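Before any comments, here is the structure.
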Amino acid sequence: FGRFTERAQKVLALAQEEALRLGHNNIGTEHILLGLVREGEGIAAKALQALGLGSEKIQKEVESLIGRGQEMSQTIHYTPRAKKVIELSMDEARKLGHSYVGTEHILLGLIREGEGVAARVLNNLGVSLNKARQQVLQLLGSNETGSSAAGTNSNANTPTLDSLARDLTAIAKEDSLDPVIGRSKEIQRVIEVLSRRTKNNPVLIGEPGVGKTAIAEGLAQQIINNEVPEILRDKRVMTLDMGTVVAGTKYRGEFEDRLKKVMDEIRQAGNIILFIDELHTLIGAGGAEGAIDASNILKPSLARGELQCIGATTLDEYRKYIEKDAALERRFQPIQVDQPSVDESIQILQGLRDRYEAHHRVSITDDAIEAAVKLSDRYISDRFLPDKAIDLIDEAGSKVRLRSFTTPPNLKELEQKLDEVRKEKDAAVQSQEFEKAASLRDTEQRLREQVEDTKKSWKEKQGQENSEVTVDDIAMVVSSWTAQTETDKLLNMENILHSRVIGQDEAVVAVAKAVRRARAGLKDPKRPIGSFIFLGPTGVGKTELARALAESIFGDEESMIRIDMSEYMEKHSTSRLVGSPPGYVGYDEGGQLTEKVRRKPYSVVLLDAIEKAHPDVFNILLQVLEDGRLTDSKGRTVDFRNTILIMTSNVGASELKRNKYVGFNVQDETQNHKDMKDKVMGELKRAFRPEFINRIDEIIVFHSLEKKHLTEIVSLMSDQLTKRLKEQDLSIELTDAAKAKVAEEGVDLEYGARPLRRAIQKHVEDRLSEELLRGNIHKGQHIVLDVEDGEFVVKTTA
Amino acid sequence: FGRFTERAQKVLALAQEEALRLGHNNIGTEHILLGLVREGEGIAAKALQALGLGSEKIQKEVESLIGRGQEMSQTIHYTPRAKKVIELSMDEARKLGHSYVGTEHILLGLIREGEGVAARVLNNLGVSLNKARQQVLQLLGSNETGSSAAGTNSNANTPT
Amino acid sequence: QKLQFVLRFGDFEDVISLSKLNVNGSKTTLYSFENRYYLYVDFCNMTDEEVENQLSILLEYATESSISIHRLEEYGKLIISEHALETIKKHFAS
């Protein structure tokens, strides 16, 4: 595994030859030995020639142990013994120079896995098994490039460089390093800042968020070669790691004792570069606790230029050095950080796409990689633009290989049979049913060889997949969270939202399209997938649509937060002369609202009745609308460029409760409409800010169930009723006649599609239950709720 | 308890046979011993045959201890000693894994229950009580259910 | 070197495979034990080398269990005793 060296495969195939050449059904361990020595100067092969065991010497023994005469060579794959020798060698080659496994390991591994026919050959040919394993072993040497040492250099450097810790230069002189992809701009800014004297310390600020250590591989490279000022030559580079110091110790005092000592050995000054990761924790400055205050020693260490250092810090962290002085404000100095831009992001991916050939499902397609990135920024939507991507790539980077295990050639069906046989066979072998196990056995083994043959016909799913990530596939994985399972969601969004909300179909198509706009990409990636205000009677389709969006986009009905803003009113109720004040905006901003939406990072946030809130609430919402961020609790930016913010309202209430209503005529709809879409939208604005509405995408007006919205919402609820009782075996139906009568409760201007639950309860649950208890209707038999006189009548039907 | 293997019950019922066959009111340990060895080649039974204790050899001792002549076989349930041999065996089967308890455990349990008339038979017939408990044990190996040892692969996997 | 071994064969079809060209004057007894079929092979009057020889072939089709024969002798389960290969060639192949 991980792909092998030739030498292994070569000794192995020579085994298969000895199988048929000597007549063996399954290529035994006797052949593996012959195989090794017939590969001549393989480390295995060679070893045996030392041991005195030639191909001949071995074979003389071999023919006398099995040899003859299964030239038919029934099912010529290995013995399981021989297969074990291979599994062992592989790991013993991981152990002994070979990721890609070769000969050495195979004799070595053979000895370890020294059994049966193989083993007996060498102990008969006067060779101890470990004398052989020795022999392979003693033909090893260095294979780690940049290493095979025999030289000597330097002196004074000794005590310091030991301790503690990682050395980026070392691994880059053994060059296993991958550059990777810049994140370029920090690196120049360090060398000005680091060939200094009085202050000599760079401090990299922000973006953590790129894998900071990648930038470090930048630094490593430039501090060596070759544009550098004089004190930045005769330099040696040490990375300081918190982890090595803390390990093996408990109490804080021990860590400090070691740390004072380390800073002292750091006396190699003007010839030493120290990299200090997570610099803040040690400095400890300000706040209520900035963590372990190593700072007392560390600040002069930084200032002196003995512990001339490069600080890897963050947005807030800079405060906690510039606040201290003059050995943290004579140490710190800021430098401008970059990452590999959105297109660059894609390219990093591509570079290690091909390297999931230990995964063999991608290596490529490029367009799919491109999709991974581009789709991610709006489709969850809160991380860095390449990390998101790789999860898609790799997900999808199995997903089509998963489509294997059913139809595409589906020679899985073969295997499906082969199992079933074994069973029949097996149970027959247990009962006996001798020849009655026999033919089942034969049917089984028929299957087996055929299976094994088609299992390397299922190299075709490699030839299928290790191109293609599938663009669509990748898209599907982003959607799994958030083409394939996203564009049916996009294209049919109105239809999908319509299938859950019939409460205002007008509204559904509008909302559908707005989410679909952002979710198809053309909105700033600093704004939610939807801002809205929903005016209407309340609950018209309003709440329900928030639900339906969760339902349509995520494949989970609910992935939808929901807060009533009217409770954080501060608009007609805060405090009085000498009565205590509340906290309302502090509650939403300060933690509650923001924490909740952070849990499902993408979520339809439904802020009910926001017009009953003062203009101050809207500013916070405005940050979502602008930033696609909300700034809250413990300095987090929670990326609200994900979320679908949906705010409900009614403050022009009267017009929205004298709303569109086709049951009162068509011309009552568009003049209740026209009236509500201006006096409401201005009581809305008066209960908001125009500035609020200026970064809110759309104000949707919902109209109580016009004639025509109702009985279909009711026929879903009444049917939801009828469906939840069927699972436990009770058949109820409300006829269209009964679903109609239920729908009538909300025809009210004032109500939405919220009162509908009560009328399903009253007309279905309550009406049936007082009849199921009396035995007019029963279990499993069909219970028809019908209307036959303008009132319900429950009839029974088989 | 947890329900038993036949082998236990099988050695046991032969005691009851022996109850009447020599006349024992409540079926003594001497009858249990005969029960074990008359169950032939169960691990208890088999064991006794190794030490040289055949049903014959045993019975010769047995009739000369109690033997005669409670042929009335009053209530014919066990003697409390004989009931103990069973209580012990259950645990000697915990000992040699068997929720369903069988033969080895019963001879092993017998040794435990060395008070018995049975016990005295074997130490008279030149067989140490533990030479027998040994004997039952050494006719086992390992039952398992998927393991059986010998032959392995992989190396690098070790530290993790 | 023991001339009698207690062997485990996996799937039944393995016992058959062995059978169809081995018996070799050697009574062999076939258990099902741990649901996999064990064969306690008894090379009758074959030299140590001769036994390793014969036994090689057997272990082309199986591996040799550590398991002592007396675990089988008490708590085992037979499929064909003492003529195990021979019978299996008839009734399990064919």
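Residues are referred to by chain and number: the chain letter is A, B, ... according to the order shown in the structure tokens, the number counts from 1 in that chain, and ligands are numbered separately from 1 in the order shown.
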**Request:** Write out as a ChimeraX atom specification which residues come within 10 Å of residue 93 (chain B) when counting only C-alpha atoms, dropping same-chain ones fewer than 2 positions away.
**Result:** /B:4,88-91,95-106,108-109
Write the residues of the selection above to a file with N, CA, C and O atoms, as a PDB file, in the first residue's frame.
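Once written, selection_31.pdb looks like this:
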```pdb
ATOM      1  N   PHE B   4     -27.357 -24.408  31.454  1.00  0.00           N
ATOM      2  CA  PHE B   4     -26.193 -25.270  31.483  1.00  0.00           C
ATOM      3  C   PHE B   4     -26.086 -26.138  30.274  1.00  0.00           C
ATOM      4  O   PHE B   4     -27.077 -26.415  29.605  1.00  0.00           O
ATOM      5  N   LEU B  88     -20.202 -25.377  42.745  1.00  0.00           N
ATOM      6  CA  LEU B  88     -18.795 -25.181  42.568  1.00  0.00           C
ATOM      7  C   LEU B  88     -18.466 -25.262  41.126  1.00  0.00           C
ATOM      8  O   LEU B  88     -17.754 -24.423  40.599  1.00  0.00           O
ATOM      9  N   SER B  89     -18.949 -26.323  40.458  1.00  0.00           N
ATOM     10  CA  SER B  89     -18.835 -26.537  39.043  1.00  0.00           C
ATOM     11  C   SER B  89     -19.254 -25.392  38.158  1.00  0.00           C
ATOM     12  O   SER B  89     -18.623 -25.139  37.139  1.00  0.00           O
ATOM     13  N   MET B  90     -20.350 -24.678  38.516  1.00  0.00           N
ATOM     14  CA  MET B  90     -20.847 -23.504  37.826  1.00  0.00           C
ATOM     15  C   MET B  90     -19.776 -22.466  37.690  1.00  0.00           C
ATOM     16  O   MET B  90     -19.630 -21.806  36.667  1.00  0.00           O
ATOM     17  N   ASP B  91     -18.994 -22.349  38.771  1.00  0.00           N
ATOM     18  CA  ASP B  91     -17.907 -21.445  38.947  1.00  0.00           C
ATOM     19  C   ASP B  91     -16.661 -22.000  38.328  1.00  0.00           C
ATOM     20  O   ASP B  91     -15.909 -21.267  37.705  1.00  0.00           O
ATOM     21  N   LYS B  95     -14.579 -20.499  35.328  1.00  0.00           N
ATOM     22  CA  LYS B  95     -13.157 -20.718  35.336  1.00  0.00           C
ATOM     23  C   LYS B  95     -12.673 -21.166  34.000  1.00  0.00           C
ATOM     24  O   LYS B  95     -11.646 -20.689  33.527  1.00  0.00           O
ATOM     25  N   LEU B  96     -13.417 -22.079  33.349  1.00  0.00           N
ATOM     26  CA  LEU B  96     -13.033 -22.596  32.067  1.00  0.00           C
ATOM     27  C   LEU B  96     -14.202 -22.345  31.199  1.00  0.00           C
ATOM     28  O   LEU B  96     -14.972 -23.257  30.916  1.00  0.00           O
ATOM     29  N   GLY B  97     -14.374 -21.035  30.871  1.00  0.00           N
ATOM     30  CA  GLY B  97     -15.440 -20.366  30.146  1.00  0.00           C
ATOM     31  C   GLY B  97     -16.477 -21.258  29.549  1.00  0.00           C
ATOM     32  O   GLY B  97     -16.194 -22.035  28.636  1.00  0.00           O
ATOM     33  N   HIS B  98     -17.690 -21.200  30.133  1.00  0.00           N
ATOM     34  CA  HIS B  98     -18.771 -22.019  29.707  1.00  0.00           C
ATOM     35  C   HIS B  98     -19.923 -21.566  30.557  1.00  0.00           C
ATOM     36  O   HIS B  98     -20.083 -22.026  31.685  1.00  0.00           O
ATOM     37  N   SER B  99     -20.800 -20.687  29.995  1.00  0.00           N
ATOM     38  CA  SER B  99     -21.977 -20.129  30.656  1.00  0.00           C
ATOM     39  C   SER B  99     -22.921 -21.271  30.873  1.00  0.00           C
ATOM     40  O   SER B  99     -23.502 -21.455  31.940  1.00  0.00           O
ATOM     41  N   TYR B 100     -22.918 -22.148  29.855  1.00  0.00           N
ATOM     42  CA  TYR B 100     -23.581 -23.397  29.846  1.00  0.00           C
ATOM     43  C   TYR B 100     -22.512 -24.268  30.396  1.00  0.00           C
ATOM     44  O   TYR B 100     -21.412 -24.246  29.884  1.00  0.00           O
ATOM     45  N   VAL B 101     -22.747 -24.953  31.525  1.00  0.00           N
ATOM     46  CA  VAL B 101     -21.711 -25.610  32.279  1.00  0.00           C
ATOM     47  C   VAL B 101     -21.721 -27.074  32.009  1.00  0.00           C
ATOM     48  O   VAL B 101     -22.778 -27.693  32.032  1.00  0.00           O
ATOM     49  N   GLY B 102     -20.514 -27.652  31.804  1.00  0.00           N
ATOM     50  CA  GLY B 102     -20.318 -29.022  31.427  1.00  0.00           C
ATOM     51  C   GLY B 102     -19.298 -29.688  32.310  1.00  0.00           C
ATOM     52  O   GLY B 102     -18.950 -29.204  33.380  1.00  0.00           O
ATOM     53  N   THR B 103     -18.866 -30.887  31.869  1.00  0.00           N
ATOM     54  CA  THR B 103     -18.149 -31.918  32.590  1.00  0.00           C
ATOM     55  C   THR B 103     -16.889 -31.620  33.319  1.00  0.00           C
ATOM     56  O   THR B 103     -16.722 -32.143  34.413  1.00  0.00           O
ATOM     57  N   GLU B 104     -15.937 -30.841  32.754  1.00  0.00           N
ATOM     58  CA  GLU B 104     -14.633 -30.620  33.358  1.00  0.00           C
ATOM     59  C   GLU B 104     -14.854 -30.017  34.668  1.00  0.00           C
ATOM     60  O   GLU B 104     -14.451 -30.563  35.684  1.00  0.00           O
ATOM     61  N   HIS B 105     -15.634 -28.932  34.629  1.00  0.00           N
ATOM     62  CA  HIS B 105     -16.016 -28.109  35.711  1.00  0.00           C
ATOM     63  C   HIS B 105     -16.596 -28.908  36.829  1.00  0.00           C
ATOM     64  O   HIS B 105     -16.412 -28.551  37.981  1.00  0.00           O
ATOM     65  N   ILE B 106     -17.343 -29.993  36.514  1.00  0.00           N
ATOM     66  CA  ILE B 106     -17.910 -30.834  37.536  1.00  0.00           C
ATOM     67  C   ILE B 106     -16.911 -31.653  38.305  1.00  0.00           C
ATOM     68  O   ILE B 106     -16.989 -31.670  39.527  1.00  0.00           O
ATOM     69  N   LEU B 108     -13.753 -30.804  38.446  1.00  0.00           N
ATOM     70  CA  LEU B 108     -12.984 -29.751  39.044  1.00  0.00           C
ATOM     71  C   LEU B 108     -13.675 -29.309  40.313  1.00  0.00           C
ATOM     72  O   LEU B 108     -13.047 -29.239  41.363  1.00  0.00           O
ATOM     73  N   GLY B 109     -15.005 -29.070  40.235  1.00  0.00           N
ATOM     74  CA  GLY B 109     -15.919 -28.737  41.307  1.00  0.00           C
ATOM     75  C   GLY B 109     -15.978 -29.755  42.399  1.00  0.00           C
ATOM     76  O   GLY B 109     -16.199 -29.421  43.555  1.00  0.00           O
TER      77      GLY B 109
END
```
Could you name the residues that touch region 128-145 of chain B at 7 Å or less, counting only C-alpha atoms, but leaving out those on the same chain fewer than 3 positions away, as a PDB file with N, CA and C atoms, in the first residue's frame?
```pdb
ATOM      1  N   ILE B  43     -15.362 -34.618  30.090  1.00  0.00           N
ATOM      2  CA  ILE B  43     -14.070 -34.258  30.625  1.00  0.00           C
ATOM      3  C   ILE B  43     -13.812 -34.715  32.034  1.00  0.00           C
ATOM      4  N   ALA B  44     -14.857 -34.704  32.893  1.00  0.00           N
ATOM      5  CA  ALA B  44     -14.816 -35.287  34.207  1.00  0.00           C
ATOM      6  C   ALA B  44     -14.583 -36.751  34.137  1.00  0.00           C
ATOM      7  N   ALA B  47     -11.166 -37.760  32.510  1.00  0.00           N
ATOM      8  CA  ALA B  47     -10.123 -37.476  33.455  1.00  0.00           C
ATOM      9  C   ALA B  47      -9.886 -38.612  34.398  1.00  0.00           C
ATOM     10  N   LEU B  48     -10.946 -39.080  35.095  1.00  0.00           N
ATOM     11  CA  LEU B  48     -10.863 -40.187  36.016  1.00  0.00           C
ATOM     12  C   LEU B  48     -10.281 -41.430  35.409  1.00  0.00           C
ATOM     13  N   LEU B  51      -6.245 -41.189  35.412  1.00  0.00           N
ATOM     14  CA  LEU B  51      -5.646 -41.472  36.696  1.00  0.00           C
ATOM     15  C   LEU B  51      -5.718 -42.943  37.057  1.00  0.00           C
ATOM     16  N   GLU B 104     -15.937 -30.841  32.754  1.00  0.00           N
ATOM     17  CA  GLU B 104     -14.633 -30.620  33.358  1.00  0.00           C
ATOM     18  C   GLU B 104     -14.854 -30.017  34.668  1.00  0.00           C
ATOM     19  N   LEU B 107     -15.930 -32.330  37.646  1.00  0.00           N
ATOM     20  CA  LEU B 107     -14.826 -32.973  38.342  1.00  0.00           C
ATOM     21  C   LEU B 107     -13.979 -31.984  39.055  1.00  0.00           C
ATOM     22  N   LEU B 108     -13.753 -30.804  38.446  1.00  0.00           N
ATOM     23  CA  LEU B 108     -12.984 -29.751  39.044  1.00  0.00           C
ATOM     24  C   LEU B 108     -13.675 -29.309  40.313  1.00  0.00           C
ATOM     25  N   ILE B 111     -13.344 -31.849  43.220  1.00  0.00           N
ATOM     26  CA  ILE B 111     -12.086 -31.655  43.909  1.00  0.00           C
ATOM     27  C   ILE B 111     -12.205 -30.596  44.968  1.00  0.00           C
ATOM     28  N   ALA B 119     -14.432 -37.946  46.875  1.00  0.00           N
ATOM     29  CA  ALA B 119     -13.067 -37.562  47.192  1.00  0.00           C
ATOM     30  C   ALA B 119     -12.229 -38.632  47.877  1.00  0.00           C
ATOM     31  N   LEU B 122     -10.924 -41.520  45.792  1.00  0.00           N
ATOM     32  CA  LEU B 122      -9.846 -41.360  44.847  1.00  0.00           C
ATOM     33  C   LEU B 122      -8.566 -41.375  45.595  1.00  0.00           C
ATOM     34  N   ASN B 123      -8.500 -40.694  46.765  1.00  0.00           N
ATOM     35  CA  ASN B 123      -7.359 -40.798  47.659  1.00  0.00           C
ATOM     36  C   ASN B 123      -7.161 -42.168  48.265  1.00  0.00           C
TER      37      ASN B 123
ATOM     38  N   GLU C  34     -15.128 -23.707  15.902  1.00  0.00           N
ATOM     39  CA  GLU C  34     -15.151 -22.273  15.706  1.00  0.00           C
ATOM     40  C   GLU C  34     -15.730 -21.937  14.336  1.00  0.00           C
ATOM     41  N   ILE C  67      -3.533 -25.172  18.419  1.00  0.00           N
ATOM     42  CA  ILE C  67      -4.520 -25.926  19.153  1.00  0.00           C
ATOM     43  C   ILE C  67      -4.127 -27.360  19.363  1.00  0.00           C
ATOM     44  N   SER C  68      -4.191 -27.805  20.637  1.00  0.00           N
ATOM     45  CA  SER C  68      -3.926 -29.157  21.036  1.00  0.00           C
ATOM     46  C   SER C  68      -5.097 -29.987  20.622  1.00  0.00           C
ATOM     47  N   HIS C  70      -6.500 -32.389  22.245  1.00  0.00           N
ATOM     48  CA  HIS C  70      -7.451 -32.777  23.276  1.00  0.00           C
ATOM     49  C   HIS C  70      -8.579 -31.805  23.542  1.00  0.00           C
ATOM     50  N   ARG C  71      -8.451 -30.519  23.131  1.00  0.00           N
ATOM     51  CA  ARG C  71      -9.574 -29.598  23.136  1.00  0.00           C
ATOM     52  C   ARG C  71     -10.681 -30.117  22.256  1.00  0.00           C
ATOM     53  N   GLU C  74     -12.437 -33.496  23.645  1.00  0.00           N
ATOM     54  CA  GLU C  74     -13.579 -33.260  24.502  1.00  0.00           C
ATOM     55  C   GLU C  74     -14.684 -32.498  23.782  1.00  0.00           C
TER      56      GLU C  74
END
```
**Request:** Could you please determine the separation between CA of residue 51 (chain A) and CA of residue 108 (chain A) in Å, to one decimal place?
**Result:** 13.4 Å
**Close residues, residue 759 (chain A) itself excluded, 12 Å, only C-alpha atoms, min 5 positions apart in chain, as a VMD selection string** = chain A and resid 710 to 711 713 to 715 717 to 718 721 738 to 747 753 to 754 764 to 767
Since we have the selection now, will you write its residues out, keeping N, CA and C atoms, as a PDB file, in the first residue's frame?
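In the end it all went to part30.pdb:
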```
ATOM      1  N   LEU A 710     -55.029  28.897   1.595  1.00  0.00           N
ATOM      2  CA  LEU A 710     -55.466  28.092   2.709  1.00  0.00           C
ATOM      3  C   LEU A 710     -55.653  26.605   2.605  1.00  0.00           C
ATOM      4  N   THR A 711     -56.614  26.099   1.795  1.00  0.00           N
ATOM      5  CA  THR A 711     -56.941  24.683   1.787  1.00  0.00           C
ATOM      6  C   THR A 711     -55.862  23.740   1.332  1.00  0.00           C
ATOM      7  N   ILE A 713     -52.564  24.454   2.388  1.00  0.00           N
ATOM      8  CA  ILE A 713     -51.705  24.416   3.551  1.00  0.00           C
ATOM      9  C   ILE A 713     -52.364  23.483   4.501  1.00  0.00           C
ATOM     10  N   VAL A 714     -53.677  23.676   4.703  1.00  0.00           N
ATOM     11  CA  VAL A 714     -54.539  22.779   5.408  1.00  0.00           C
ATOM     12  C   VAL A 714     -54.527  21.390   4.889  1.00  0.00           C
ATOM     13  N   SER A 715     -54.368  21.168   3.574  1.00  0.00           N
ATOM     14  CA  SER A 715     -54.409  19.819   3.088  1.00  0.00           C
ATOM     15  C   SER A 715     -53.054  19.209   3.265  1.00  0.00           C
ATOM     16  N   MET A 717     -51.274  19.980   6.304  1.00  0.00           N
ATOM     17  CA  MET A 717     -51.366  19.788   7.728  1.00  0.00           C
ATOM     18  C   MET A 717     -52.305  18.674   8.075  1.00  0.00           C
ATOM     19  N   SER A 718     -53.489  18.641   7.433  1.00  0.00           N
ATOM     20  CA  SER A 718     -54.481  17.619   7.622  1.00  0.00           C
ATOM     21  C   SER A 718     -53.970  16.310   7.140  1.00  0.00           C
ATOM     22  N   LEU A 721     -51.275  15.073   9.600  1.00  0.00           N
ATOM     23  CA  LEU A 721     -52.059  14.451  10.609  1.00  0.00           C
ATOM     24  C   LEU A 721     -52.282  13.033  10.192  1.00  0.00           C
ATOM     25  N   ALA A 738     -63.402  18.089   3.860  1.00  0.00           N
ATOM     26  CA  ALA A 738     -63.094  18.251   5.253  1.00  0.00           C
ATOM     27  C   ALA A 738     -61.884  19.121   5.425  1.00  0.00           C
ATOM     28  N   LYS A 739     -60.852  18.976   4.565  1.00  0.00           N
ATOM     29  CA  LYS A 739     -59.727  19.881   4.444  1.00  0.00           C
ATOM     30  C   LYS A 739     -60.125  21.287   4.075  1.00  0.00           C
ATOM     31  N   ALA A 740     -61.288  21.465   3.410  1.00  0.00           N
ATOM     32  CA  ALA A 740     -61.786  22.767   3.046  1.00  0.00           C
ATOM     33  C   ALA A 740     -62.346  23.464   4.247  1.00  0.00           C
ATOM     34  N   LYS A 741     -63.190  22.751   5.032  1.00  0.00           N
ATOM     35  CA  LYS A 741     -63.820  23.246   6.236  1.00  0.00           C
ATOM     36  C   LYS A 741     -62.823  23.622   7.314  1.00  0.00           C
ATOM     37  N   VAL A 742     -61.638  22.975   7.301  1.00  0.00           N
ATOM     38  CA  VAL A 742     -60.595  23.205   8.264  1.00  0.00           C
ATOM     39  C   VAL A 742     -59.893  24.478   7.914  1.00  0.00           C
ATOM     40  N   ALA A 743     -59.628  24.661   6.607  1.00  0.00           N
ATOM     41  CA  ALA A 743     -59.024  25.827   6.025  1.00  0.00           C
ATOM     42  C   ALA A 743     -59.704  27.140   6.275  1.00  0.00           C
ATOM     43  N   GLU A 744     -61.048  27.123   6.417  1.00  0.00           N
ATOM     44  CA  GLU A 744     -61.865  28.271   6.727  1.00  0.00           C
ATOM     45  C   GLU A 744     -61.542  29.079   7.967  1.00  0.00           C
ATOM     46  N   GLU A 745     -60.778  28.550   8.971  1.00  0.00           N
ATOM     47  CA  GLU A 745     -60.556  29.247  10.234  1.00  0.00           C
ATOM     48  C   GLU A 745     -59.737  30.499   9.994  1.00  0.00           C
ATOM     49  N   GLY A 746     -58.701  30.382   9.126  1.00  0.00           N
ATOM     50  CA  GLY A 746     -57.831  31.466   8.747  1.00  0.00           C
ATOM     51  C   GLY A 746     -58.247  31.949   7.389  1.00  0.00           C
ATOM     52  N   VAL A 747     -59.153  32.955   7.353  1.00  0.00           N
ATOM     53  CA  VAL A 747     -59.608  33.602   6.146  1.00  0.00           C
ATOM     54  C   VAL A 747     -59.793  35.056   6.464  1.00  0.00           C
ATOM     55  N   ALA A 753     -51.264  31.893   8.284  1.00  0.00           N
ATOM     56  CA  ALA A 753     -51.412  30.458   8.180  1.00  0.00           C
ATOM     57  C   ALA A 753     -51.023  29.806   9.475  1.00  0.00           C
ATOM     58  N   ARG A 754     -50.770  30.625  10.511  1.00  0.00           N
ATOM     59  CA  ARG A 754     -50.626  30.177  11.863  1.00  0.00           C
ATOM     60  C   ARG A 754     -51.908  29.580  12.471  1.00  0.00           C
ATOM     61  N   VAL A 764     -59.617  17.469  13.094  1.00  0.00           N
ATOM     62  CA  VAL A 764     -59.072  16.170  12.798  1.00  0.00           C
ATOM     63  C   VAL A 764     -58.874  15.480  14.093  1.00  0.00           C
ATOM     64  N   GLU A 765     -57.860  15.909  14.884  1.00  0.00           N
ATOM     65  CA  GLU A 765     -57.477  15.252  16.108  1.00  0.00           C
ATOM     66  C   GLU A 765     -58.613  15.076  17.070  1.00  0.00           C
ATOM     67  N   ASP A 766     -59.170  16.188  17.588  1.00  0.00           N
ATOM     68  CA  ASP A 766     -60.338  16.234  18.439  1.00  0.00           C
ATOM     69  C   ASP A 766     -61.583  15.542  17.917  1.00  0.00           C
ATOM     70  N   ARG A 767     -61.862  15.642  16.592  1.00  0.00           N
ATOM     71  CA  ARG A 767     -63.098  15.152  16.008  1.00  0.00           C
ATOM     72  C   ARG A 767     -63.048  13.664  15.869  1.00  0.00           C
TER      73      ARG A 767
END
```
**Request:** Using DSSP on the backbone coordinates, identify all residues within chain C classified as strand (DSSP E); present the result as an MDAnalysis selection string.
**Result:** chainID C and resid 4:8 28:31 38:42 78:80
**Request:** May I have the residues within 8 Å of residue 38 (chain A) as a list in words, using only C-alpha atoms and disregarding those fewer than 6 positions away in the same chain?
**Result:**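 The residues satisfying every condition are residues 11, 14, 45 and 55 of chain A.
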Please produce an output containing N, CA and C atoms for each residue in the selection, written as a PDB file, in the first residue's frame.
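To be explicit, this is the file written out as selection.pdb:
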```pdb
ATOM      1  N   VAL A  11      10.092 -10.166  -7.050  1.00  0.00           N
ATOM      2  CA  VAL A  11      10.252 -11.421  -6.320  1.00  0.00           C
ATOM      3  C   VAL A  11       8.961 -12.210  -6.277  1.00  0.00           C
ATOM      4  N   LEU A  14       7.827 -14.069  -9.538  1.00  0.00           N
ATOM      5  CA  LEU A  14       8.669 -15.224  -9.707  1.00  0.00           C
ATOM      6  C   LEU A  14       8.124 -16.396  -8.933  1.00  0.00           C
ATOM      7  N   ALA A  45      17.151 -11.533  -2.545  1.00  0.00           N
ATOM      8  CA  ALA A  45      17.782 -12.497  -3.397  1.00  0.00           C
ATOM      9  C   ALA A  45      19.224 -12.747  -3.115  1.00  0.00           C
ATOM     10  N   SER A  55      19.143 -20.500  -6.159  1.00  0.00           N
ATOM     11  CA  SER A  55      17.848 -20.875  -6.682  1.00  0.00           C
ATOM     12  C   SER A  55      17.640 -22.360  -6.747  1.00  0.00           C
TER      13      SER A  55
END
```
**Request:** Dump as a PyMOL selection string the residues of chain B that approach chain A to within 9 Å, counting only C-alpha atoms.
**Result:** chain B and resi 151-157
With N, CA, C and O atoms retained, export the selected residues as an mmCIF file, in the first residue's frame.
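selection13.cif, freshly written:
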```cif
data_model
loop_
_atom_site.group_PDB
_atom_site.id
_atom_site.type_symbol
_atom_site.label_atom_id
_atom_site.label_comp_id
_atom_site.auth_asym_id
_atom_site.auth_seq_id
_atom_site.Cartn_x
_atom_site.Cartn_y
_atom_site.Cartn_z
ATOM 1 N N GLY B 151 0.832 -17.069 13.397
ATOM 2 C CA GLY B 151 0.816 -16.367 12.129
ATOM 3 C C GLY B 151 0.211 -15.002 12.287
ATOM 4 O O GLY B 151 -0.918 -14.873 12.760
ATOM 5 N N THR B 152 0.971 -13.945 11.893
ATOM 6 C CA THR B 152 0.585 -12.552 12.020
ATOM 7 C C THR B 152 1.287 -11.787 10.915
ATOM 8 O O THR B 152 2.124 -12.340 10.202
ATOM 9 N N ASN B 153 0.967 -10.475 10.772
ATOM 10 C CA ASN B 153 1.615 -9.597 9.825
ATOM 11 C C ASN B 153 1.606 -8.201 10.392
ATOM 12 O O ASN B 153 1.036 -7.962 11.455
ATOM 13 N N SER B 154 2.375 -7.294 9.740
ATOM 14 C CA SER B 154 2.408 -5.864 9.948
ATOM 15 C C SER B 154 3.263 -5.530 11.142
ATOM 16 O O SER B 154 3.436 -6.341 12.049
ATOM 17 N N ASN B 155 3.911 -4.342 11.108
ATOM 18 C CA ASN B 155 5.026 -4.048 11.971
ATOM 19 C C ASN B 155 4.918 -2.625 12.400
ATOM 20 O O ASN B 155 4.716 -2.373 13.581
ATOM 21 N N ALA B 156 5.017 -1.661 11.446
ATOM 22 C CA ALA B 156 5.019 -0.223 11.653
ATOM 23 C C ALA B 156 3.861 0.276 12.479
ATOM 24 O O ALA B 156 4.015 1.187 13.284
ATOM 25 N N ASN B 157 2.718 -0.434 12.367
ATOM 26 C CA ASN B 157 1.487 -0.301 13.107
ATOM 27 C C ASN B 157 1.613 -0.344 14.615
ATOM 28 O O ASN B 157 0.721 0.141 15.306
#
```
